[PDB]
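Residue numbers (UniProt numbering): 8 to 357.
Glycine residues also receive a C-beta, built at the ideal position from the N, C-alpha and C atoms.
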Amino acid sequence: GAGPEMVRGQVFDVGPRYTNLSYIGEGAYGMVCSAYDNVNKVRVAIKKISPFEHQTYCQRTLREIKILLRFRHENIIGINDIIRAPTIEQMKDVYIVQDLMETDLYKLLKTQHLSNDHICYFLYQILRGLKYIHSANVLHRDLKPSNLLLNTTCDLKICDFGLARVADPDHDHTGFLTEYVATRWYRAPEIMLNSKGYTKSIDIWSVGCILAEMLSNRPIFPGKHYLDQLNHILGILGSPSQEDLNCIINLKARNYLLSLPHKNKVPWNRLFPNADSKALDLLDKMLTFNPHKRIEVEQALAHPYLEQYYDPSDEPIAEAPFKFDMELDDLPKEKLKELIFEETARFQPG
Ligand SMILES: C=CCn1nc(N)c2cc(-c3c(-c4ccccc4)nn4ccccc34)nnc21
Numbered sequence: 008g009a010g011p012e013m014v015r016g017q018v019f020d021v022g023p024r025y026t027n028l029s030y031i032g033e034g035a036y037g038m039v040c041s042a043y044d045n046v047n048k049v050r051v052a053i054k055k056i057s058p059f060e061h062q063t064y065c066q067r068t069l070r071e072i073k074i075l076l077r078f079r080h081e082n083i084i085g086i087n088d089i090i091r092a093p094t095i096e097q098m099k100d101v102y103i104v105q106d107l108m109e110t111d112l113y114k115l116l117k118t119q120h121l122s123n124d125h126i127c128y129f130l131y132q133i134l135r136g137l138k139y140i141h142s143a144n145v146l147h148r149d150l151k152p153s154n155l156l157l158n159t160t161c162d163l164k165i166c167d168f169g170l171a172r173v174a175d176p177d178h179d180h181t182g183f184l185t186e187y188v189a190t191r192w193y194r195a196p197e198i199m200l201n202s203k204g205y206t207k208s209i210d211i212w213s214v215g216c217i218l219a220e221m222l223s224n225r226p227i228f229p230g231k232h233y234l235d236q237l238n239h240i241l242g243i244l245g246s247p248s249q250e251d252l253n254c255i256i257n258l259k260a261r262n263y264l265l266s267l268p269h270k271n272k273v274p275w276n277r278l279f280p281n282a283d284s285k286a287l288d289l290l291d292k293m294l295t296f297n298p299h300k301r302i303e304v305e306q307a308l309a310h311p312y313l314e315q316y317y318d319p320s321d322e323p324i325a326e327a328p329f330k331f332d333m334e335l336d337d338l339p340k341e342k343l344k345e346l347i348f349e350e351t352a353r354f355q356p357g
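Okay, here's the thing in structure tokens:
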């Protein structure tokens with residue numbers, strides 16, 4: 008019949024239900040291939056994950072799965088199936104299945120022209136999904152053009168929740184430059200300064216970034232990371248006002264910004280010659296330095312720019328929000344595995 012298949016060395020045993028495998032991405036430990044579902048008449052994407060030997064990897068997996076199974080929304084990727092061993096000791100890896108989409112927003116920015124109507128569509132769908140995730144008291148914490156999948160009819164869907172978690176604004180403060188492995192440039196400025204990214208505002212900043220990249224049809228954040236990057240952002244938005252400085256109740260982060268030379272604000276309209284003014288309005292409000300002054304999803308959705316798509320009654324919220332204690336490691340790899348096992352129980356016959 009079938010049996011453990013091969014790609015580029017690793018074992019991708021997912022048939023007979025899924026066949027005709029095609030490698031898609033490295034992913035370090037996690038390997039994604041495309042396949043074909045034989046039971047249903049559809050094409051699919053499937054990721055083989057093999058954590059269990061590292062508590063940090065188990066963190067990611069449990070988050071992606073748990074959250075994604077709990078969620079049910081058109082603009083959020085849905086898990087079709089999960090292949091894994093019937094018992095715990097036999098379980099060494101997890102194969103997650105999803106609808107094969109087509110491409111991601113990062114590739115579109117780098118190879119296609121994004122017109123006004125398209126940018127408006129994508130932005131709306133991104134916010135609609137984000138509205139639901141925030142209503143569930145969840146923060147994505149890693150939004151980027153690569154985490155936004157699209158099909159051939161332009162329907163967009165958010166996907167990677169490996170870094171997502173329950174908001175928690177009361178513990179958002181962390182102290183100047185303490186690092187946090189992520190690898191990107193779409194993360195909010197305050198995270199580098201005095202925050203650990205525990206509030207909704209972090210996702211909004213991200214969305215704002217992808218809106219700007221969509222507007223210039225290229226990645227605005229290419230090279231130069233951490234501080235260098237922050238200085239460039241300030242060179243665009245303008246130096247933080249004293250008002251803004253009150254928010255920062257920490258001498259180290261506060262003083263560092265005082266260290267920087269005066270930067271004049273560079274209006275977006277002078278950067279994007281032919282660009283809808285309403286779009287620039289939304290941009291400016293989404294990309295503000297002070298997270299507190301930053302616009303919320305509700306506001307964004309109702310902004311004039313999205314006027315042709317806006318419809319509250321067709322923009323559902325969670326249904327089952329939460330607020331668990333697992334947060335921030337503090338949990339043996341073994342227990343995580345147990346939890347992961349239970350979490351995937353629903354896909355095994357019974
Ligand atoms: C978008 C073009 C093709 N394609 N279609 C998908 N749904 C798809 C998804 C992904 C994908 C998956 C993933 C794949 C299978 C099961 C669980 C998670 N995780 N993931 C994490 C970061 C960025 C992309 C991505 N990478 N390529 C894909």
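Hey, would you say the C-beta of residue 81 is under 7 Å away from at least one heavy atom of ligand 1? The sequence position of residue 81 within the sequence shown is 74, counting from 1. Incorrect: residue 81 has no Cβ contact closer than 7 Å to ligand 1.
Assuming residue 219 is part of the alpha helix (DSSP H), what are its boundary residues? Along the sequence shown, read from residue 1 onward, the residue named residue 219 stands at position 212. Looking at the DSSP string, the run of the alpha helix (DSSP H) that includes residue 219 is 208–223.
Verify the contact flag: residue 154, CB atom, against every heavy atom of ligand 1, threshold strictly below 7 Å. Numbered from 1 along the sequence shown, position 147 holds the residue referred to as residue 154. Yes, ligand 1 has a heavy atom inside 7 Å of this Cβ.
Am I right that residue 24 and residue 351 are in contact with their C-beta atoms under 8 Å? What's the rounded C-beta distance? For the purposes of this step, residue 24 is taken as residue 17 along the sequence shown, with counting starting at 1. For the purposes of this step, residue 351 is taken as residue 344 along the sequence shown, with counting starting at 1. With a Cβ gap of about 16 Å, residue 24 and residue 351 do not count as contacting.
Within the segment 19–103, ranges of the alpha helix (DSSP H) (whole runs, at least 4 residues): 62–77
Measuring only the C-alpha atoms, how far is residue 333 from residue 297? Residue mapping note: residue 333 aligns to position 326 of the sequence shown, counting from 1. Residue mapping note: residue 297 aligns to position 290 of the sequence shown, counting from 1. Cα to Cα, the separation comes out at about 29 Å.
Extract the residue ranges of the alpha helix (DSSP H) inside the segment 228–303, only unbroken runs of 4 or more that lie entirely within it. 233–244, 249–254, 258–266, 284–293
Does the distance between the C-beta of residue 344 and the nearest non-hydrogen atom of ligand 1 fall short of 7 Å? Translated into positions along the sequence shown, residue 344 becomes position 337. No - ligand 1 has no heavy atom lying nearer than 7 Å to the Cβ of residue 344.
Just checking, does the segment 102–112 make contact with the segment 192–208 on the three C-beta pairs under 8 Å criterion? no
Assumed close pair residue 86, residue 347 - CB separation to whole angstroms, cut-off 8 Å: As a working mapping, residue 86 is identified with position 79 in the sequence shown. As a working mapping, residue 347 is identified with position 340 in the sequence shown. At roughly 13 Å, the Cβ-Cβ gap does not stay under 8 Å, so residue 86 and residue 347 are not in contact.
From residue 145 to residue 17, what does the alpha carbon distance come to, in whole angstroms? To locate residue 145, count along the sequence shown from 1; it is residue 138. To locate residue 17, count along the sequence shown from 1; it is residue 10. One C-alpha to the other measures close to 34 Å.
Leaving aside the five residues before and after residue 143 along the sequence, list all residues of the same chain whose C-beta is less than 6 Å from its C-beta, in chain order. Reading the sequence shown from its first residue, position 136 is the one you call residue 143. The answer, listed in chain order, is 325, 328.
Quick one, which of 30, 285, 330 has its alpha-carbon nearest residue 126's? Within the sequence shown, residue 126 is the residue found at index 119, counting from 1. The option with the nearest alpha carbon to residue 126 is 285.
Would you say the beta carbon of residue 300 is closer than 7 Å to some non-hydrogen atom of ligand 1? Here residue 300 is taken as the residue at index 293 of the sequence shown, counted from 1. Flag unset: Cβ of residue 300 not near ligand 1.
Run of the alpha helix (DSSP H) containing residue 165, from where it starts to where it stops: Here the question's residue 165 lines up with position 158 in the sequence shown. Looking at the DSSP string, residue 165 is not in any alpha helix (DSSP H); the run it does join, the beta strand (DSSP E), is 163–165.
Rounded separation between residue 335 and residue 277 - CA only: Your numbering for residue 335 matches position 328 in the sequence shown. Your numbering for residue 277 matches position 270 in the sequence shown. Rounded to the nearest angstrom, the two C-alpha atoms are 42 Å apart.
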